[PDB]
Structure formats: C-alpha cells, structure tokens
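>>> Fold the following for me, if possible:
(chains A, B, C and D, ligands or ions: 2)
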Amino acid sequence: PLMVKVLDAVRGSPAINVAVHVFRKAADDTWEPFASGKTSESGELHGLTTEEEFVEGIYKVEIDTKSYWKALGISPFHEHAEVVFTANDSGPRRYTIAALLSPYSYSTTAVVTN
Amino acid sequence: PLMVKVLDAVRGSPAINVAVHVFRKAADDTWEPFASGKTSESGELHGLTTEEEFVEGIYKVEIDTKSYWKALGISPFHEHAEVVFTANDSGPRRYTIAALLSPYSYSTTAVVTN
Amino acid sequence: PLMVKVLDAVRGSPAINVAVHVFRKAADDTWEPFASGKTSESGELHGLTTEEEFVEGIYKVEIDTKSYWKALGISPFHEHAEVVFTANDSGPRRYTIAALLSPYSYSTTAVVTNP
Amino acid sequence: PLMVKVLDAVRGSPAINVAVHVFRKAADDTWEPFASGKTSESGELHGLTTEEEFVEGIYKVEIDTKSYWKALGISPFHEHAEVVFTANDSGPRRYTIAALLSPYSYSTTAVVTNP
Ligand SMILES: Nc1ccc(/C=C/c2cc(Br)c(N)c(Br)c2)cc1
Ligand SMILES: Nc1ccc(/C=C/c2cc(Br)c(N)c(Br)c2)cc1
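Residues are numbered from 1 along each chain as shown, chains lettered A, B, ... in the order given. Ligands and ions are numbered 1, 2, ... in the order given. Take a look at the structure below.
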C-alpha cells in the first residue's frame, strides 16, 4: 500500500542504500515509528506496511538525504527530506512517494493509484 | 534501451494517453522521426526502440503536454516538453526519461542504468 | 539573512498569503518557535529574522501548503512542506528557501550566499 | 517583459554565465532568432526584448545547460533545456522563465503577470 522511490539528479541513477523512516502521528501529536528500511539497488523500498496496518492518518516519510550525499563525498544542504501527508480511504489505495535528490534541492511527488 | 515515464503533479497520478515523439538528429542538423507512442495507463511508454537501432547520437523526446492538459479541461503554459540528450555507449545501457507535469511547470530527469 | 519564496505551478504565479513557520532545534532537542510570517503578493517573505538573532543551529522552515491549497478551495496531498537545514555553521550566510507548489508535488531549493 | 532566472541545485547558487537563446516561430514554421544573452551574477537575464518587439507568437527559450556544466568541468546529460510557449495572445504579459539545474535533471516554471 506504501512504496518509496528515490532518484539521484547528479548521477542520473536510483539513490541506493538511502535510509527511510516512516512515522504515524499519534493522538498526542507526537510522531511514532511506523516502518523503515534502506532503498534497494533500484532506489525503491517496498514492504513497509500491509493493508491491515496502513490505516487512515497522518504519516511522515523521512529520507536521510544528508548521509546519502556524505557517503558520495558530497556536501549537502538539507538534514533530511520530509514528506508529510494524510492517507485517506476515499482516495485510491496504493501510494508511491517519490523523491528526486540534488545536493541543495529536492523534488517530491505522490502517485496514488487503484 | 529507451523508456519514457510521465507523471501528473496536479492529480497525483500517471499521465495517461500522452503523445510522445522521439527524434534523432541528422547529419544536416534536422530532427528526423525516430519512434513515437502514447503513454499507458501506468504513464509509461516502452517499446520505442531496440538495442540495434538505438545508436549513439543526439535524441529529442517531445512530450505533448498541451494536449494532455487540454483534455483535462486545464489551460497550460507550454506547447510541449522537450528533452534533448546524447546517448553515449560508455555510459550505462538503459535510459529512462521521466517527466513530472504541472500546468505551468515541469521537471525531467534521466535514470541511466546497467 | 533568511528569505522564503514560494511559486504556484498550477497558476504560474507567486503563491500569495502562504503561512510559514520557522523553528530552531534547542539544546534539549525540541523544536523551538523562531519566527513566522506570510508570503506577500510577490510570493516572498522577508523580515523573519536579524543577523544577530540568526545564530548557528538546525532550522526548520515549515511552509503551510495544505492551508494554501484549501484556501483556494483545492484538496492537496501534503500537510506542509518542511525544509530542515544547518545554518551559519561557517559563519553568517544569507539563505533563500524557495519552493514550487503543485497539489500533489513540490520542489524546494536553497540559495546560499556569503555577504 | 521577458526575464530568465537560472539556479544551480548542486551548489545552491545562481547559475551564472548561462547562455540563453530565444527564438520565435515564423510564418513559414521555422524558428527565427529573437534575442539572446547570458545570466548575470544573480542568475538573471533581463533586457532580452521590449514590449514593442515582444509581439504575440510561439517562443522558444533555449538554456544552454550543457555549456554551463562543461564550463564547470562537469559532463551533464542534457544538451540544453528548451522552454516553448505561446506569449501575448491575450494581450501583453510579463513572463519569467525560471529553471533549476542538476547534471541529470532540470525543472522549469513560468511566472506570468499582467502589468
Ligand atoms: N519506476 C519509476 C521510474 C522513474 C520514476 C520517476 C519519478 C520522478 C519523481 C520526481 Br519527484 C520527479 N521530479 C521526476 Br522528473 C520523476 C518513477 C517510477
Ligand atoms: N528571485 C527569485 C529567487 C528564487 C526563485 C526560484 C524559482 C524556482 C524555480 C524552480 Br524551476 C524551482 N523548481 C524552484 Br524550487 C524555485 C525565483 C526568483
């Protein structure tokens, strides 16, 4: 129900071995851990959740962009990239959060399909 | 060896049924037709060329963004989106040209892999 | 020393009246409110801070994109766009945080200059 | 009435000294040269045209991104970034064409205002 795809705009490649942490907003307004992983060789992270666990709510996808750039010997601007959104059942059922990274910039989009 | 992927930043979806025309630069500096198609339900166009035909050279991928927006009843800025690049054999072998469309803006990136 | 510029990729215009909240990470790892404002008719927000006040730290620039799209009567994907960065850690710099908004997407960039 | 602004997403800076060529589609469907220039230290190029000269038409703004990256001693993917649009077809407007550059990617947006 939830996939993350990360691309590198400097090298023209998937962004491999990027740490990604997903959080769900709790009733007290704290962010609690939900799912995490490292992007694959294809820059993707699948297997984060199941339909059962992925209930409506506010989620945060934190992509560790600073460590990614540092590992490539490149000095970056951001601490991380943050994508915060509401999962809504009246919308399509599969969510892809994509991000396109540069050292001083990033783009993100959502592809929400049925 | 060549794929095109198009996404819609307004609807959060693949951009479906978008016309895409590929041209190769000729020795006289004219653009000659090379391959074309319409994006699928997943916003992708595969099958454009084969490894045999996709030789080094300068290529232009023209995405008919104006017709796409007009069909959705939305007034857009650009006539089309143009992506012009050199295919180089000393680089990885598969090229994905991706574009992310808005009415007054677009993003494009290349994912070049082995 | 800190400016925010926001554009609307749907309308081809500045994004006007966008609320922006800036936080600074405190000693105790919480996010302290630092400054806030709204973009002008030119999509710009200046006057957030001074070079005295804008010390080294980890800053969070929260751009209230959902409130923007909903005030336009549109239902967008993101809650906000957050831009988090270390500032002034090699001395004072001037920062422009720019963002380009669509209902299901945004991009952000930084322009950092040394006065 | 026509301005071009270019930023560098690698350095977090204006993209300076970027060559830009503007064309206008002629009666015979060819691309006639219209104006050209280079971005300044602020990544901006003004003074391309006048409101008299900038008549209705289909215009092509070619940003020479490959020459930029190669002058920096970097090998980029694209030959250039081309921005093609109809202008002034409901009367005169002011156009800003902005671009944000990386070696394998770019984004472009337009800001259109009615003076
Ligand atoms: N499988 C597959 C391959 C490539 C993509 C490209 C996504 C994409 C994301 C962002 Br954000 C921008 N700005 C751009 Br241009 C493109 C998606 C799925
Ligand atoms: N004066 C001034 C300063 C900064 C800007 C930024 C424009 C801008 C263009 C793109 Br294309 C993207 N993707 C992003 Br983000 C931002 C414009 C005018």
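
>>> measure stretch A:63-81 end to end?
Taking C-alpha to C-alpha, to the nearest Å, stretch A:63-81 runs 5 Å from one end to the other.

>>> That stretch vs chain D: in contact?
Yes - Stretch A:63-81 is in contact with chain D by C-beta under 8 Å from any C-beta of the partner chain, via residue A:77. Just so you know, the C-beta spots here come from the backbone N, C-alpha and C atoms, and that holds for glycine as well.

>>> List the buried residues in that stretch.
A:63-66, A:68-69, A:76-81 (16 or more other C-beta atoms under 10 Å in any protein chain shown).

>>> can you tell me if that stretch touches chain C.
Yes - Stretch A:63-81 comes into contact with chain C (C-beta under 8 Å from any C-beta), by way of A:77-80.

>>> rewinding a little: if you look at the buried residues of stretch A:63-81, which of them are in strands?
A:63, A:78-81 (DSSP state E).

>>> Now distance to chain B too, for those residues, in a markdown table please.
A markdown table is the format used below for these (distance: C-beta to the nearest C-beta, whole Å):
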| residue | distance to chain B |
| --- | --- |
| A:63 | 16 |
| A:78 | 18 |
| A:79 | 23 |
| A:80 | 20 |
| A:81 | 15 |
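
>>> What are the buried residues along stretch A:49-68?
A:49, A:54, A:59-66, A:68.

>>> end to end, how far does that stretch reach?
24 Å.

>>> That stretch and ligand 1, are they touching?
No - applying C-beta under 6 Å from any ligand atom, one finds stretch A:49-68 separated from ligand 1 by no less than 11.2 Å.

>>> Quickly find the element holding the residue located most distally from the centre of chain A.
What lies farthest from the middle of chain A is residue A:28; by C-alpha atoms, centre = their mean that is 23.1 Å. If you go by DSSP states H and E, residue A:28 is not part of any helix or strand.

>>> Can you name the residues bridging to the residue nearest in space to the middle of chain A?
Nearest to the mean C-alpha position of chain A, by C-alpha atoms, centre = their mean, lies residue A:61 at 4.4 Å. Following DSSP bridges, residue A:61 is listed with bridge partners residue A:22, residue A:83.

>>> hang on, it packs against residue A:24?
No - the pair residue A:61 / residue A:24 is not scored as a contact, 10.8 Å apart, by C-beta atoms under 8 Å.

>>> List, one by one, the residues from chain A near ligand 1.
So far as C-beta under 6 Å from any ligand atom goes, chain A lies against ligand 1 at A:5, A:98-100, A:107-109.

>>> Tell me how many other residues surround the closest residue to residue A:43 other than its chain neighbours.
Nearest residue to residue A:43, sequence neighbours excluded (C-beta to C-beta, 6 or more residues apart in numbering or on different chains): residue A:14, at 2.7 Å. Counted with other C-beta atoms under 10 Å in any protein chain shown, the neighbours of residue A:14 add up to 19.

>>> residues contacting residue A:14?
A:6-8, A:39-44, B:111, B:113 (C-beta atoms under 8 Å, 6 or more residues apart in numbering or on different chains).

>>> do residue A:87 as well
A:54-59, A:95.

>>> Counting neighbours, what do you get for residue A:27?
Count around residue A:27 with other C-beta under 10 Å applied: 6.

>>> can you check residue A:89 too?
8.

>>> hang on, it packs against residue A:56?
Yes - with contact defined as C-beta under 8 Å, residue A:89 reaches residue A:56; the gap is 5.5 Å.

>>> Now do the same contact list for the residue of chain A found nearest ligand 2.
As assessed by C-beta to the nearest ligand atom, ligand 2 sits closest to residue A:105 within chain A, at 6.4 Å. Shown in contact with residue A:105 (C-beta under 8 Å, 6+ apart): A:9, A:77, C:107-110, D:9, D:12, D:100, D:102.

>>> before we move on, what about residue A:13?
Contacts of residue A:13 (C-beta under 8 Å, 6+ apart): A:7, A:43, B:111-113.
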